[PDB]
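Enquirer: Would you mind keeping the following structure in view while I ask a few things?
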There are 2 protein chains.
Amino acid sequence: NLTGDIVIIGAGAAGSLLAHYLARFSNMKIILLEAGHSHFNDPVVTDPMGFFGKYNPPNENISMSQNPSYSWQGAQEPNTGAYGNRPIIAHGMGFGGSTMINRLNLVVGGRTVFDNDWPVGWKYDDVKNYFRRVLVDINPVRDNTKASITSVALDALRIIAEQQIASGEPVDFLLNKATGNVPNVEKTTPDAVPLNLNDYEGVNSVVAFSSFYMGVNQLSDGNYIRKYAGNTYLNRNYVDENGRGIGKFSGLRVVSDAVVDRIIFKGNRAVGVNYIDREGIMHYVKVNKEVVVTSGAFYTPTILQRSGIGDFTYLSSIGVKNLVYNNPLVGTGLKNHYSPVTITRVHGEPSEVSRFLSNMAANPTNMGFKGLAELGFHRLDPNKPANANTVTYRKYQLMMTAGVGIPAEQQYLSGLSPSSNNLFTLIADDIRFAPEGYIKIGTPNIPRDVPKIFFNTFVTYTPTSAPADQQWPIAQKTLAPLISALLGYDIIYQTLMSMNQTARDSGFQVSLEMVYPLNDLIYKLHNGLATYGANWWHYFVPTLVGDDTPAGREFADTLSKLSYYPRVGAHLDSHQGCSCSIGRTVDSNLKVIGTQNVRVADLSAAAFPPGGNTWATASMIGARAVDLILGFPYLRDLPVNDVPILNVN
Amino acid sequence: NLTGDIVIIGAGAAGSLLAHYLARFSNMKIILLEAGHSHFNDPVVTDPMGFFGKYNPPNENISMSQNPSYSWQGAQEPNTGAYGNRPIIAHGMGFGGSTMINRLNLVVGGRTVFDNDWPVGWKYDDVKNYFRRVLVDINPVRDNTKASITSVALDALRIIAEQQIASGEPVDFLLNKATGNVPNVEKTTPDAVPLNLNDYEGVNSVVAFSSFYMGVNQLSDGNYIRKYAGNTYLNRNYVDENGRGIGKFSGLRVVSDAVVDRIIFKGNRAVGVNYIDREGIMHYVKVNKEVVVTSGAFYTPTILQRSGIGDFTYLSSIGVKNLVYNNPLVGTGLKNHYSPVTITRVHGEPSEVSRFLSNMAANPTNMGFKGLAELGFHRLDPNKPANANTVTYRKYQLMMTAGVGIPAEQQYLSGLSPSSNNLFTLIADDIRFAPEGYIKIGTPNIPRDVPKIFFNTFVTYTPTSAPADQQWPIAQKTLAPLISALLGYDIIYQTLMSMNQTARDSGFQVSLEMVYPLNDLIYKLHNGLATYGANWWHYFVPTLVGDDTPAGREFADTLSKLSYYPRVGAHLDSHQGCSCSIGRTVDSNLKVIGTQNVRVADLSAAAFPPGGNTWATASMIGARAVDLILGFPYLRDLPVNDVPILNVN
Ligand SMILES: Cc1cc2nc3c(=O)[nH]c(=O)nc-3n(C[C@H](O)[C@H](O)[C@H](O)COP(=O)(O)OP(=O)(O)OC[C@H]3O[C@@H](n4cnc5c(N)ncnc54)[C@H](O)[C@@H]3O)c2cc1C
Ligand SMILES: Cc1cc2nc3c(=O)[nH]c(=O)nc-3n(C[C@H](O)[C@H](O)[C@H](O)COP(=O)(O)OP(=O)(O)OC[C@H]3O[C@@H](n4cnc5c(N)ncnc54)[C@H](O)[C@@H]3O)c2cc1C
């Protein structure tokens, strides 16, 4: 059988990177266990456009994140904040985990969230060199096609940014503390310099730009290949077809189609690991030094819980025999991001409209994204952190795509066809998403697609009999996600209306109408914000206001009608994390509290969600785990011209 | 490790009965492997009101079919016929399988379906004695509470059956051949005799009645207990706390929390089974004679496929190492039933509406069902079997319950609140549901909650360039589920229109109006049927009808709008079966075609779905399996006064 010093469970964004550099920088035997196998020869994965269904059979037309051959199908419990819906969120199953199946938008997350929401030792300056390593190993690219709509939008954001600065207000969504009075929006002059949202020093917290950075590389023939954690760190230059490491990496052994069951303990020391191989026969792996769990946000706590680490009372109740350490926090504090969708219609001469919307087609260097920004809090969000006026937090990720991004049922109901040549999509993604959830295993036997995953989003506040003033502080906290989602709509509404101006100024005979959610409803909202000011959101709870005006019943009704849209007209991001966070399940050194030699090194260990997509943070965490395990800053101090060399096969 | 003569996988509706009676009638070593455990001491299962959430924690308020601790979570692939939805369909996990978590409505299925849709040897007279055994072992009870609305609905149906008989027409939904000219509707006079839909000879194919039959028994203290496969056949009188048989049953061995991975073969002969226990350790069980799979419609074909039985090219493509027999049909032909919901509002004085709607509350003896019938084809359904006029087929199971049975998102859009005191639910369940789907494993390693389950329902027909005449027979077959669902609405509409009469005749000063779907639409539908006749469903494809009149575009429009309602205003049943049906994956003696000694004895073997709920048919199959294996009609001939004895613990 196999015996190792370090056993790593899960070859995701964290596991791949962790295994790679541990083998390089030590002479220990590194054993990496993965539930799936490599997909280096699969065009659905290695062609970036595979994400959009280029290679889908027309009879089984499903994305990788809908496909059990490519992923874990994590079906959550009924969402009490979304009509009982049960969304299915995926973890990639294969070399590289979810980076094997994601949309490849690589985003650091910015300085502020690490300086403020992570503990000492995990502040932005403690992690920035590792983020730099994660980026240069991928070496991501920018959009190869400039679209007129991008510049018109950027020019629209600039005008708004100037108004917000000129007004002198303390907090608003285009303000950026590190750039002062100069609107931090990329210019549209002919040879303008790009603004980099991943800038090394974290200056660009709030920033508007023309391009994200995509995880693809160009091959000699001009085609693009997916550049993910899988083929960057486990390609054939480093790991052969039998899974044995090569050369300086020969201590590494990578087991494919190996589904891990439990960590076996002696006292509070892990000494072995279970897994079922591709034939369905169970094997034992002996452990000499450490076990590192990197199985993703949904499934890392399930491994710990199946292993005897969690709420003893609960774990006993479903039949876990061998209990190890009692910590009720295992699996709690699950966070995510959330993207409510908006649709816009372009009016005007068909030829002028076709011109205005040109160059937006998805290709590998943009994956569909034509902008736009990382934005801050709306001035009227009552739930800002205390120091939001002295440091600039990230709140919204503003993305613009072509086409109609609402689900098919919403397309039917709204009358908005994906084949109209005059519609496009704006999304204000909440990346400081208030809701919190938890994960519990339902059975002790085997790893399952579906543990109990509780995650309630846009819940309602039920009024009590107490005086109103005693209720508002509780309601403000409960309604926190509805409030942020609706204000994101107002941000897009503002943007669209300046675009009406900057589009004419750029010579386009067009005008724009927000059509999803209803233009009529959004207008009323915008007006409501100006009429009722800081406390507009009280009308989510109409009975406690006692405004018996025709105008008051009407705004309360508008908020009611609008509360529908973030519930069904949205796409839950697949950015789940924090379910075993630092200070709750593991300590500052990623060691699982209560054990001698178990660590967690994936996104489940994260103290707080990064301000943006989550791939970069995941690989960053595994990267720091490399130096923590070796006891020297090998990875932090590695020069930036030293990268893994890509082998496509 | 263990050794047995017959190894049974899954203690479901079939597994429990098969294990019980095999132990009794033979001296063989019978080993029953079950993934879950007994819930004899869990009030959520053994108290029938637990199904409705009596013991649910208020913060995790979820039914058993939503709970991984009680069930497998079968999330299906996106439904191309329902806006991409992914409903999650459960199999119970524990002693009694799905009978442990279901709504307990015990229905045989009627004679016609077995006489016409099952193979030689499985005709009604071949199976009726086994059905009789299944019923007397449970001994279901009828509703303990007569409600006025039931009698009002029945008297309305009587009037409708009489019009249908009088008209001399060959096929309609209240006609029943075996009872001729006497309307087969239970009488509502004071001391009327009940109609039994499960009558032994199968006379009542189409029949209206006041009560279904529930799987509960009354205890001496007046409380009701759930009477399911688990505690009927595997309670402490028969199997001790260690899973070992008692007395005459000592050959039986029941292993709990045993998740089976594969069946091991030597040649085309099974010699073993592997399983994972609750500690996460794999065991091997030796097989001397036979292996019987009774793991449910979703998971029976997955065990075979993981074992090397199925489409070889595909099983290779996902990494199954050991192939055994090539049968591309394994897992194909999956069927289900489907229940679109209708909501009715009662108008009148609040006190008189309240009286009309009294006594409809769910209690253990009715589980909410207050009627009503098994109905036949609507006369304007073009997809009847050839002999639909010489034998009476079951097509709709018409059920009436209290409250508002549409999903929460639909309650909001329609304004139909579950707390309005004046709404009730009528359901015409398509129990000859046209759609056919299939199951394939996504990975070779382990049993999973979520294999690929493709099941597309209310798909659209896309017109080709061919002449209309060549397309209609295709369009007729494609649109079959939409056609039947809509006609189900009309059946309810007709009933409601007569109930307006019969409510006055019974002294209720109320009026009834169908409000979900919109009354206007159903009205327009009813007129459309009389106007365009047999070829009304052509207007699903308006461009092929070339009717550009206002009356024509309007009817085409009415149908487009109604197609929305069965897709989202409904509940997919958990009556899945036929995925390893007789004549395709197994032969008439339940043996897996291609093996020496493997059988399938659960609902996945079913040739065609029973005309009604599926528990009974499932146990019926397990029952013949007892006789088929032992080679004698032991069970067919056992006297009906010899029943299993109930032990509550
Ligand atoms: C559809 C989709 C779109 C996304 N879009 C983007 C994007 O555009 N940009 C971005 O920055 N991020 C995106 N992500 C998120 C990003 O990819 C993840 O956050 C990142 O992979 C998380 O890193 P991780 O190591 O913690 O998790 P994972 O990458 O998911 O690592 C999990 C690995 O562990 C394995 N594993 C799990 N359980 C077991 C077990 N019991 N035994 C053995 N192995 C196991 C899994 O097979 C998997 O390989 C998206 C993800 C998805 C699924
Ligand atoms: C929510 C719900 C409501 C329903 N309501 C009704 C109703 O009102 N009336 C009605 O007649 N029917 C209803 N049923 C459906 C009916 O109960 C099923 O069709 C019937 O029980 C089928 O039984 P079965 O033998 O085919 O398999 P099942 O009853 O489903 O049992 C299969 C068993 O095999 C086990 N198993 C699966 N895989 C493995 C493995 N790898 N290793 C070990 N064990 C395994 C499962 O745990 C399960 O215990 C309902 C079902 C559900 C879930």
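In chain B, numbers come from Swiss-Prot; the residues present are 54-702, in order.
We read in the header that X-ray crystallography, 2.9 Å was used to get this structure.
For all residues, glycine too, the Cβ spot is worked out from N, Cα and C.
Pulled the feature table from Swiss-Prot, pasting it below:
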type     : residues : note
TRANSMEM : B:55-75  : transmembrane segment
BINDING  : B:58-88  : FAD binding site
ACT_SITE : B:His628 : active site
Enquirer: Could you check the recorded positions B:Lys82, B:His628 and say which one's CB has the fewest neighbouring CB atoms inside 10 Å?
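Expert: Candidates: the recorded positions B:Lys82, B:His628. Fewest Cβ atoms within 10 Å: B:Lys82.
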Enquirer: Three states by DSSP: which one describes B:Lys82 (FAD binding site)?
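Expert: Where B:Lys82 (FAD binding site) sits, the three-state DSSP reduction gives coil.
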Enquirer: If one looks at the chain holding B:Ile62 (FAD binding site), which residues at least 6 apart in sequence have a CB under 8 angstroms from its CB?
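Expert: In sequence order, the residues whose Cβ lies under 8 Å from that of B:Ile62 (FAD binding site) (at least 6 apart) are B:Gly68, B:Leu86, B:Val313, B:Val326, B:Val344, B:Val345, B:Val346, B:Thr347, B:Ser348, B:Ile356.
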Enquirer: Any idea what the Cα distance is from B:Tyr74 (FAD binding site) over to B:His628 (active site), rounded to a whole Å?
Expert: 25
Enquirer: Determine the most Cβ-crowded residue among the binding-site residues B:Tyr74, B:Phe78, using a 10 Å radius around each Cβ and all protein chains in the structure.
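Expert: Highest number of other Cβ atoms within 10 Å: B:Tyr74.
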Enquirer: If you count Cβ atoms within 10 Å of each one, which of the binding-site residues B:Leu70, B:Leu86 comes out on top?
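Expert: The largest 10 Å Cβ neighbour count belongs to B:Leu70.
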Enquirer: Could you measure between B:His628 (active site) and B:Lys82 (FAD binding site) for me? Cα positions, answer in whole angstrom.
Expert: 32
Enquirer: Within the set B:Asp58, B:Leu70, B:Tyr74, B:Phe78, B:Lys82, which binding-site residues show a CB-to-ligand 2 distance under 6 A?
Expert: none
Enquirer: DSSP three-state call for the residue listed as 'active site': helix, strand or coil?
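Expert: Assignment for the residue listed as 'active site' reads coil.
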Enquirer: Using other CB atoms within 10 angstroms as the count, which residue among the binding-site residues B:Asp58, B:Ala66 scores least?
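Expert: Among the binding-site residues B:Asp58, B:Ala66, the sparsest Cβ neighbourhood within 10 Å belongs to B:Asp58.
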